[PDB]
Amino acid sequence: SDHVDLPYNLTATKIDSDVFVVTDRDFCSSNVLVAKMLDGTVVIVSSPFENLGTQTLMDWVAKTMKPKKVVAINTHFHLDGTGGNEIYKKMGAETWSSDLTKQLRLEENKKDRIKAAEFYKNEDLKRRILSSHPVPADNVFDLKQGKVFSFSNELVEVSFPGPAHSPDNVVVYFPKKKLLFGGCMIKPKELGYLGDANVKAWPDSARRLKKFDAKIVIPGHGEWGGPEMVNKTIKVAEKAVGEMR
């Protein structure tokens, strides 16, 4: 079948033999891409919110893919992005983000934990959030220049299309699979949490994603789709600009 149910309400859904989406349903249905490169390297894009979810994800990756190496790419500084870094590191993964994402995560870490913890209503989820201590990635590239990974000539392209959902949001493109992980700047129905959003910039940042020849676009939350995901996002952001003036 199309998915496997994992502990802590994680879902792992197959897109093909070498591409999976793992969804943290407990924490806002956050999507994590897991792509196995031909040379055995596993690339993970984004993260579950915290340690229990991330440990569950890594246990499943270990069991099912037995990777030679794991490379984890943070999409932005939010917990669906950096929440996995502690456990990724502990498990021997190489964690990556832009320099801005690291900076924003470090700044976010200075803020009051217990006050920001009442943002969730369930007490078990609160205790899971408070039990984790998010850290930035170990390896950093310059936001504006992006980064292209080459795993035995299999390319993974990380680029900054401009501020949208957050000032630092990047997308990850896999040209071999024509797959774009757009992350939380892909919002085909409604923009969602705007705490760090640049609504005025969002339509043009999303327009810049049209350059990718994507057959599959994976959003940070919710069902994935095709290139129309980008078009839907642009209109949703425009309506927000329209009301906002």
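Residue indices: 1-based, along the sequence shown.
Hey, which bit's got the bigger mean C-alpha B factor in the entry, 191-199 or 29-37?
The stretch with the larger average C-alpha B-factor is 191-199.
So 72-80 or 116-124, which one's hotter by mean CA B-factor in the entry?
The stretch with the larger mean CA B-factor is 116-124.
Sort 54, 46, 64, 205 by C-alpha B-factor from the entry and give me just the highest.
Checking the PDB record, the top C-alpha B-factor among 54, 46, 64, 205 is at 64.
Would you mind checking which of 102, 110, 89, 147 has the top Cα temperature factor in the PDB entry?
That would be 110.
Using the temperature factors of the C-alpha atoms in this entry, rank residue 135 within its chain: lowest, middle or highest third.
Middle third of the chain for residue 135's C-alpha B-factor.
For residue 106, the third of its chain into which the C-alpha B factor falls
It belongs to the middle third of the chain when residues are ordered by C-alpha B-factor.
Third assignment of residue 179 from its chain's C-alpha B-factors
Its C-alpha B-factor, which the entry lists for residue 179, ranks in the lowest third among residues of this chain.
Among the chain's modelled residues, which third holds the C-alpha B-factor of residue 214?
For residue 214, whose C-alpha B-factor we compare with every modelled residue in the chain, the answer is the highest third.
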